[PDB]
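Residues per chain are reported as follows:
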Amino acid sequence: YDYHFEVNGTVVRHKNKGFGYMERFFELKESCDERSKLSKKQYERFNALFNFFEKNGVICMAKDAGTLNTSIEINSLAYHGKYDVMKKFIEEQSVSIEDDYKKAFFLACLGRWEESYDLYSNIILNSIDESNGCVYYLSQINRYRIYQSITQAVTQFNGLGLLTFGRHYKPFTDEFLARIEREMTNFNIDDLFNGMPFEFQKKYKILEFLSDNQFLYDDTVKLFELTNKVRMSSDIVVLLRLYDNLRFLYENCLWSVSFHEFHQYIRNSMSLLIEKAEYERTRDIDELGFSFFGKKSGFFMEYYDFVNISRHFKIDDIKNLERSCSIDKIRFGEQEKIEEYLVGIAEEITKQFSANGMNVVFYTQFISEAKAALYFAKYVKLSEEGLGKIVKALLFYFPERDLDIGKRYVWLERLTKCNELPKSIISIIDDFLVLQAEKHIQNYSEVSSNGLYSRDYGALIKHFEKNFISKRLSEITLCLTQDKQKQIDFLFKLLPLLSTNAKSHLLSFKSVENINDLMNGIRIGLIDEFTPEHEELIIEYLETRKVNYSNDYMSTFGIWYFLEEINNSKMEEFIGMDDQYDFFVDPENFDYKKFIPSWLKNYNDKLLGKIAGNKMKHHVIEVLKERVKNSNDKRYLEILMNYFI
Amino acid sequence: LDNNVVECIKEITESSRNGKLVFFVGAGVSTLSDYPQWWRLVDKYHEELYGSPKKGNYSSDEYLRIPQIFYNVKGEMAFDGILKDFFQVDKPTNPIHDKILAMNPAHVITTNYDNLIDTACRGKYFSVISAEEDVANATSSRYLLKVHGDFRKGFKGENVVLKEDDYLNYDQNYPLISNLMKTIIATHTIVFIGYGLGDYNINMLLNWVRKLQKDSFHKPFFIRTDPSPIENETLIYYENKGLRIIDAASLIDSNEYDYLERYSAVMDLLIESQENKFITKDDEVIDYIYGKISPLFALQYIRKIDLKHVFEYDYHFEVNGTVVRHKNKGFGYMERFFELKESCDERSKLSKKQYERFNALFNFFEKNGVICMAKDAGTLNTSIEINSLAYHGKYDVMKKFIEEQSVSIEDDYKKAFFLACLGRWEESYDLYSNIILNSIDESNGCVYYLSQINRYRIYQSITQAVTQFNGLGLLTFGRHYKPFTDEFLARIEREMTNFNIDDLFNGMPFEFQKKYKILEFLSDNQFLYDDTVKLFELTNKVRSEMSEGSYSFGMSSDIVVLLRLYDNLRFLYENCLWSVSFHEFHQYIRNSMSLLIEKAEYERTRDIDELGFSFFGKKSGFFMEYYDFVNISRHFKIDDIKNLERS
Amino acid sequence: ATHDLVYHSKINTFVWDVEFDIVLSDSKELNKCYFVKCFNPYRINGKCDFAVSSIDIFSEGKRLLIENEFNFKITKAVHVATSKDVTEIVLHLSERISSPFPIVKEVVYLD
């Protein structure tokens with residue numbers, strides 16, 4: 001405590017009551033003649049100290065601060081996730097014990113926990129003397145941590161797994177588990193530091209915290225400074241401390257970087273930082289000016305921020321961050337490195353799926369990072385080749401058990417916002433659709449969670465290209481017959497993509513007879529055109545209900561009439577039974593006392609806009625105003641502000 | 001099992017847990033690895049000297065006389081050569097070595113001149129002492145003391161005690177090693193293993209022990225493994241000499257040439273008994289719970305979330321007042337205690353003293369709000385109450401209490417806390433120093449620890465005051481001069497130069513560090529960790545609802561925040577801790593109150609609860625009581641209240 | 001049993017983990033099925049504009065193909081937690097709300 005070493009590289013005096021040795025050292029560093037009044041031994045010691053201090057980024061004293069800008073730089077292959085490089089490095093023969101330590105850490109990071117435990121035991125056996133006790137201590141700690149992680153994997157893999165993951169999938173043998181339990185029958189890590197030689201305890205005091213259950217309480221408590229609402233800043237201090245912790249944990253090859261506490265700390269820090277930045281932007285806009293500040297948030301997002309968010313965040317956490325901390329106004333920094341990282345992720349996914357060498361332990365760690373990175377890649381502008389590789393890896397080789405068809409469509413639609421569809425991506429999606437069509441040839445059906453299916457891919461293709469025709473799908477449906485019903489249904493879902501001759505040949509396999517046929521066909525297939533005969537069928541249904549005078553049928557035709565999809569005066573002869581139909585058919589004479597505002601929660605953008613364009617507008621505005629005044633409902637206010645104002 | 005065996009196992013387990021266990025290893029353990037025995041070397045010496053051996057005539061004296069005669073006649077080089085020929089072999093380690101090391105012994109003293117116990121020592125660091133110059137050059141504080149001269153420096157006969165001449169001049173040749181071994185025996189708990197009851201070394205040890213007094217030394221344990229069961233008279237005679245014998249033949253049946261699992265039965269029983277809390281009846285439950293809870297009777301209130309540290313992660317103590325089994329494998333002692341509490345008919349099955357202990361435990365658990373188990377919990381209703389005058393801000397009553405004459409040390413503690421709360425930091429510091437001075441004679445020591453922590457915090461407050469005062473620039477007040485006369489400031493600085501708050505807890509007695517484990521967090525920010533994390537999580541959940549317009553219809557999640565808030569406030573304000581003046585605590589309370597108020601305002605104006613559900617249930621209510629007003633007043637700034645009013 | 005009931009006001013629905021023994025109109029009987037509602041206001045559409053929420057029916061864990069949705073025979077409601085009868089609460093909550101499907105099992109927000 002003789003000095004305070006600030007996170008920006010400055011040193012100040014705190015409790016030094018004796019000689020200011022550090023100031024003299026800096027004075028020697030700056031000068032050159034003063035440097036030369038030392039002996040040879042002292043000169044080489046000074047050179048080594050200078051190299052170490054420059055490597056660890058200690059710049060100067062507080063008084064002599066000049067042009068202080070800090071940039072982080074982590075030099076670990078494990079952080080950047082260059083899996084093939086570490087795989088190659090593991091094979092090569094080691095020279096010293098430090099290479100063995102690094103190999104053990106890389107093996108642990110690659111999911112080969114048994115080999116890593118064995119290598120740690122070997123390092124423990126070999127290294128016991130005499131000044132490298134740091135390696136021995138770190139090896140003990142890492143071995144204990146790997147034992148803990150193996151026990152927890154066993155715990156959440158005997159239960160909540162097995163077929164629910166796909167197969168019993170015993171990660172490790174039972175002989176290894178028995179040996180592990182026997183070797184650590186009563187191991188205690190709390191006394192590990194106190195058993196070391198007294199010279200190790202005196203010298204390497206700063207490593208004591210590695211033997212504790214928790215070591216991040218100081219930073220988590222300090223994170224409260226980002227919630228102050230009172231008008232270097234705390235943002236820079238917190239970010240630099242976070243980078244320091246990450247660099248220390250990753251460059252020294254410590255296995256604590258894979259526990260829940262560290263992930264929670266990272267999530268809390270990043271979320272609070274982004275919240276503070278957004279709040280400051282909002283306050284500045286409120287007081288200073290509408291656009292004087294520029295409306296650009298000051299939180300520049302770089303490559304390391306993207307990597308941390310991808311690695312340590314779940315999907316729900318990213319969703320919360322998006323909802324509360326609007327990101328589209330946050331501009332990303334280095335894009336080439338981010339693109340290379342995403343391309344590497346895609347290539348690793350391709351290798352893992354294709355080679356069939358799935359590592360069950362490594363899969364659980366890797367798939368969450370892959371999913372988070374692909375979800376967050378929406379805000380990054382990607383080149384054509386990287387986008388093509390990412391789309392290929394996501395659509396084809398991504399495991400189905402973790403991304404069903406609907407989630408894959410959601411990811412794909414996200415990826416197209418800032419990049420749009422070039423020809424190659426459309427070709428890839430067409431190939432995927434062709435593969436799915438061939439797969440439908442059976443006891444097979446698509447399973448989705450969000451309710452989105454293969455139709456949406458063709459819908460998106462048509463949205464980005466109105467004049468696209470799938471030649472392969474046309475050839476598939478030209479050879480189609482009447483035996484395989486599900487193939488006809490699937491091609492019906494992709495009706496507009498097929499060619500005209502294919503369309504005409506396909507129509508032969510399904511025709512509409514009754515009102516059920518009409519509603520079903522327009523519901524799933526495409527009967528966009530309203531022929532007069534279909535209209536007559538609807539009129540027959542309405543007459544049947546009229547003379548006969550409960551789910552929803554009539555409101556659908558009322559809305560279709562209001563949207564001018566049906567043009568006829570017979571609709572006015574069916575006024576009185578269903579109030580919604582009367583409202584959508586006859587607005588001028590409709591009794592608005594029967595109107596209920598909940599109907600406004602079931603209409604899309606186009607229908608709401610068309611309603612706003614019809615004059616009915618003032619009564620709806622009054623109803624929405626009363627609803628907002630009575631109960632503070634966000635949906636009603638959003639609708640009223642977006643469409644009726 | 002026999003009662004005495006159970007008592008011995010319990011004592012050994014307790015000593016091992018405390019880290020005061022030392023293992024005395026004999027020669028049978030090395031024999032289990034088929035290492036050459038001394039009688040074979042005696043036979044070889046007899047063959048080389050006389051020509052033919054004789055099995056019948058080999059007494060205890062002969063085993064020492066024959067090698068001495070061989071050394072005297074043939075010389076020295078032949079002795080070393082024969083030792084090299086017979087002892088250079090290498091043998092694998094024994095499972096007994098691993099079982100011994102698995103008991104976590106502080107020291108291992110062995111009369112073996114081998115390396116098996118060294119080779120088997122897995123990943124443990126022991127400083128090996130096998131000569132005289134190695135006693136001073138020890139690197140660590142854990143000793144592997146090879147009494148009889150290991151072969152590390154060579155295979156000569158001068159580095160080991162084998163013959164009769166070496167045995168005779170052992171005290172003169174090795175004073176340091178003998179003194180160190182005697183000190184270790186006198187201090188720690190000694191367990192012998194692999195020794196025959198008639199061995200020379202044990203006889204010498206008992207001869208030395210007979211000189212000591214009748215109270216000073218503990219009785220060493222002795223694990224005896226011989227084919228025949230021990231006799232009554234021999235056991236009584238050796239127990240009168242200071243040994244407590246645990247016989248292995250009476251623990252497991254075996255044939256006469258069985259040695260490996262004879263050792264293994266006792267060793268495995270000892271290893272397994274470490275986690276086994278020996279409890280079968282309700283009296284044992286009451287005694288164990290009282291033993292683990294009674295030290296906390298000094299503290300007025302204990303926050304529930306910390307109880308999981310008291311019971312070594314055996315039970316989850318939730319804030320709402322319920323208890324859940326988490327990692328218990330024993331006879332569910334808390335469940336049995338609750339069953340005793342609920343039914344008064346079984347309360348007559350305990351003795352009088354245990355009945356009074358149960359009454360005290362029931363009162364203590366009722367005071368802290370711990371009600372019952374998880375599933376049995378029904379309509380638990382919880383109230384809040386703080387019994388500190390400082391919290392309510394009744395300044396005149398605290399001044400009157402300061403003026404009134406104190407009769408004990410707790411009154412002095414409370415007076416110091418009130419003085420600190422009143423801004424009289426000089427008098428409070430002096431009174432805290434007086435409390436530390438007069439706390440030499442005590443029974444628990446918690447007051448001393450808390451007073452030292454409070455004094456250090458007051459030091460920080462004074463220093464930061466001085467700083468802001470002089471820095472601000474005398475704008476407030478005339479000269480902005482605190483009552484801090486430079487003499488006083490100076491004295492404080494001199495008295496607090498070397499005080500290190502990190503090593504305060506480590507320097508406390510062992511009993512304090514074993515009983516008051518929870519207090520360790522009071523010296524840093526760790527005690528606010530387990531709450532803060534949770535709070536953040538809950539925030540990220542609650543707002544996640546408010547964006548989706550989702551209205552729950554049961555118990556909200558803000559109850560956890562409110563209960564943890566009140567637990568922390570009560571614990572800090574009722575034990576008279578100065579940590580209530582920190583910035584971090586104020587920020588924590590501010591965030592908790594802001595979240596509660598935002599959630600209440602969101603839930604106030606529902607949409608469809610009245611239209612429909614309201615016939616069935618309507619529990620939405622947040623009442624701003626007196627305590628909420630006090631917390632908002634104390635822990636909030638004007639800007640924060642303005643932001644809350646805007647939202 | 002009512003503690004897990006949730007009200008979602010963005011689509012005017014109730015989330016409750018129950019099973020429906022619905023009887024489809026014209027004597028068709030169905031075992032313990034349920035519903036899933038998804039909220040998507042940005043879907044690309046043609047003439048089927050009158051929708052922001054898509055409702056799927058799950059029976060025995062498999063999606064039921066819809067041909068004529070007119071089931072109005074209610075259902076013997078079974079709370080799958082510990083097999084409670086909550087039919088009356090369901091019928092009340094349904095009459096209280098004008099939405100087509102008043103009770104679902106899980107809601108997916110695609111916003």
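Residues numbered from 1 in each chain as written, not as in the entry; some residues may be left out. Chains lettered and ligands numbered in written order. Part of a larger assembly, values for the part shown. Heavy atoms only, no water. Residues with missing side-chain atoms left out of burial classes, pairs and counts.

- Method information in the entry identifies cryo-EM as the source of the structure, with 3.4 Å recorded as the resolution.

### Things to note about the interface of chain A and chain B
At step 1: Facing the 44 residues of chain A at the interface are 42 residues of chain B.
At step 2: At the boundary of chain A with chain B, total buried surface from both sides reaches about 3,700 Å², with 46% on carbon and sulfur atoms.
At step 3: Where chain A touches chain B, the interface holds three salt bridges.
At step 4: The partner of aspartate 607 of chain B in a salt bridge is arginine 627 of chain A, and the shortest N-O contact between them spans 3.1 Å.
At step 5: The set of elements that each furnish at least two residues to the side of chain A that touches chain B consists of α7 (133–158), α10 (217–222), α12 (260–287) and α14 (315–324) of chain A. (Contact = heavy atoms within 4.5 Å. Buried area = accessible area lost by both parts, 1.4 Å probe. Salt bridge = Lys/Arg side-chain N within 4 Å of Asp/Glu carboxyl O. Helix = DSSP H or I, 4+ residues; strand = E, 2+ residues; numbered from the N terminus.)

### Considering the interface of chain C and chain B
At step 1: If you look at the interface, chain C gives 11 residues, while chain B gives 12 residues.
At step 2: Buried area between chain C and chain B, summed over both chains or domains, comes out near 1,000 Å², and the portion from carbon and sulfur atoms is 61%.
At step 3: Where chain C packs against chain B, one counts zero salt bridges.
At step 4: Taken together, chain C and chain B are joined by two residue pairs in polar contact.
At step 5: For the side of chain C that touches chain B, the element with the most residues is strand β1 (residues 6–8) of chain C, which contributes three residues. (Polar contact = N/O pair within 3.5 Å; in protein donor to acceptor, adjacent residues only side chain to side chain.)

### A few points about empty space enclosed by the protein
At step 1: The space that makes up the largest cavity amounts to roughly 60 Å³.
At step 2: Every residue along the wall of the largest cavity is listed here: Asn632, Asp633, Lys634 and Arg635 of chain A, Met546, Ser547, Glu548, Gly549, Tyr551 and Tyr602 of chain B together with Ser9 and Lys10 of chain C.
At step 3: Elements supplying a minimum of two residues to the lining of the largest cavity: α30 (634–643) of chain A together with α26 (529–548) of chain B.
At step 4: With three residues, the single largest contributor to the lining of the largest cavity is α26 of chain B.
At step 5: Residues that form the lining of the largest cavity fall into these classes: three nonpolar, four polar and five charged. (1 Å grid on protein atoms, 1.4 Å probe; cavity = no way out; pocket = protein on both sides within 12 Å on 5 of 7 lines; lining within 4 Å. Points joined across faces, edges and corners; volume = space filled by probe spheres on them. Nonpolar A, V, L, I, M, F, W, Y, C, P; charged D, E, K, R; others polar.)

### As for the sheet that holds strand β9 (residues 322–325) of chain B
At step 1: Pairing within the open sheet is mixed, and its three strands lie in the order β8-β9-β10 (chain B). A strand with exactly one partner marks an edge of an open sheet, and here the two such strands are β8 (315–317) and β10 (372–373) of chain B. (Pairing = 2+ DSSP bridges.)

### So, the environment of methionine 373 of chain B
Residues and elements named next belong to chain B.
At step 1: Along the polypeptide, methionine 373 turns up in strand β10.
At step 2: Residue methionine 373 is classed as buried on the basis of its relative accessible area, which comes to 11%.
At step 3: The spacing of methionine 373 and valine 324 is 49 residues in sequence and 6.5 Å in space, taken between C-alpha atoms.
At step 4: Not counting the four nearest positions on each side in its chain, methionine 373 is found in contact with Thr322, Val323, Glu335 and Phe338. (Buried < 20%, exposed > 50% of the residue type's maximum accessible area, 1.4 Å probe, protein only.)

### Things to note about the sheet that holds strand β5 (residues 33–39) of chain C
Residue and element names in this part refer to chain C.
At step 1: If you trace the four strands from one edge of the open sheet to the other, you get β7-β6-β5-β11, paired in mixed fashion. This sheet does not close on itself; its edge strands, each paired only once, are β7 (62–63) and β11 (106–109).
At step 2: Examined bridge by bridge, strand β6 (residues 53–59) and β7 share two bridges and lie antiparallel to one another. Across the sheet, the residue bridging to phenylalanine 58 is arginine 63, located in β7.

### Notes on the packing of aromatic side chains
At step 1: The final tally for this structure, using the stated rule, is 105 aromatic pairs over all chains.
At step 2: Taking the centre distance of 6.2 Å and the plane angle of 40° together, the rings of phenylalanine 209 of chain A and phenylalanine 248 of chain A count as tilted.
At step 3: Among the residues examined, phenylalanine 209 of chain A registers a relative accessible area of 28% and is labelled partly exposed.
At step 4: Between the aromatic rings of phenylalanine 584 of chain A and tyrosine 603 of chain A, the centroid separation amounts to 5.5 Å while the plane-to-plane angle is 75°, which identifies the pairing as edge-to-face. Here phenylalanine 584 of chain A is found in helix α27 (residues 579–585), whereas its partner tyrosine 603 of chain A is found in the loop between α27 and α28 (605–612), with 19 residues between them in sequence.
At step 5: For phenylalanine 584 of chain A, a relative accessible area of 2% corresponds to the buried category.
At step 6: An aromatic cluster of at least three residues, connected via ring pairs, comprises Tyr79, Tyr250, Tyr303, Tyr304, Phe306, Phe332, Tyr341, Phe376 and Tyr379 of chain A.
At step 7: Sitting over the face of the ring of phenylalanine 165 of chain A, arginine 401 of chain A holds its NZ or CZ atom 5.0 Å from the ring centroid.
At step 8: Seen from the ring of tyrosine 290 of chain B, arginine 357 of chain B lies directly overhead, with NZ or CZ sitting 5.0 Å from the centre. (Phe/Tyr/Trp six-rings, centres within 6.5 Å; stacked < 30°, edge-to-face > 60°. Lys NZ or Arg CZ within 6 Å of the ring centre and 35° of its normal.)

### Description of helix α27 (residues 558–574) of chain B
It helps to recall that an α-helix has 3.6 residues per turn; residues three or four apart then point in one direction.
All names here are of chain B.
At step 1: Here α27 is 17 residues long and its end C-alpha atoms lie 24 Å apart, about the 24 Å a rise of 1.5 Å per residue gives.
At step 2: Counting buried residues in α27 gives 14 out of 17 residues, a clear majority hidden from the surface.
At step 3: In the segment just after α27, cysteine 576 is the residue with positive phi, at about 60°. (Expected span 1.5 Å × (residues − 1).)

### Quick notes on the nonpolar core
At step 1: Of all hydrophobic cores here, the largest spans 245 residues; its most connected members are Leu342 and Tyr457 of chain A together with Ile289, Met334, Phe337, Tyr449 and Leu519 of chain B.
At step 2: Of the residues forming this core, the biggest block, 12 residues, is contributed by helix α16 (residues 360–376) of chain A.
At step 3: Ignoring any residue separated from it by four or fewer positions in sequence, one finds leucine 519 of chain B in contact with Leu299, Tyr449, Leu450 and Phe512 of chain B. (Core = buried A, V, L, I, M, F, W, Y, C linked by side-chain atoms within 4.5 Å.)

### What about the pairing of strand β5 (residues 189–193) of chain B?
All names here are of chain B.
At step 1: The buried count for β5 comes to five of five residues, which makes it a mostly enclosed element.
At step 2: Neither face of β5 is left uncovered, since the one carrying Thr189, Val191 and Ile193 and the one carrying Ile190 and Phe192 both have all their residues buried.
At step 3: Where strand β1 (residues 21–25) lies against β5, five bridges are found, and the strand directions are parallel. Its bridge partner lying in β5, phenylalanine 24 is registered against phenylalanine 192.
At step 4: Relative to strand β6 (residues 221–224), β5 runs parallel, the two being bridged by three bridges. Looking at the pairing, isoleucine 193 lines up with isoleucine 223 of β6.

### Looking at unusual backbone geometry
At step 1: In the segment running from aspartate 129 of chain A into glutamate 130 of chain A, the intervening peptide bond is cis, with an omega of -5°.
At step 2: Within the element layout of this structure, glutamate 130 of chain A appears in the loop between α6 (113–126) and α7.
At step 3: The phi torsion at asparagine 104 of chain B lies on the positive side, around 55°, for a residue other than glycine.
At step 4: The exposure class of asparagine 104 of chain B is partly exposed, given its relative accessible area of 23%.
At step 5: Residues other than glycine seldom take positive phi values, yet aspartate 26 of chain C does so here, at roughly 65°.
At step 6: With respect to the helices and strands, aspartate 26 of chain C occurs in the loop between β3 (23–24) and β4 (28–29).

### Quick word on the pattern of salt bridges
Once their charged atoms are close, side chains differing in charge can pair, the charge on each being opposite to the other.
At step 1: The tally for this structure, following the rule as stated, stands at 50 salt bridges over all chains.
At step 2: The residue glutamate 638 of chain A makes a salt bridge to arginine 635 of chain A at a minimum N-O spacing of 3.0 Å. Taken together, the residues span about one helical turn, with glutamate 638 of chain A and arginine 635 of chain A both in helix α30 at a distance of three residues.
At step 3: In this structure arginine 635 of chain A comes out as buried when scored by relative accessible area, which is 12%.
At step 4: Of the charged contacts, one joins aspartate 640 of chain B and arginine 590 of chain B as a salt bridge, the two residues approaching to 3.7 Å between their closest N and O atoms. Here the residue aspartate 640 of chain B occupies a position in helix α30 (residues 638–646), and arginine 590 of chain B occupies one in helix α28 (residues 583–604), the gap between them amounting to 50 residues. Taken individually, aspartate 640 of chain B and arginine 590 of chain B each receive the classification buried, so the pair is uniform in this respect.
At step 5: Each of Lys541, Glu545, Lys599, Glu603, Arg606, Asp609 and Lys618 of chain B takes part in a single network of salt bridges with overlapping partners.

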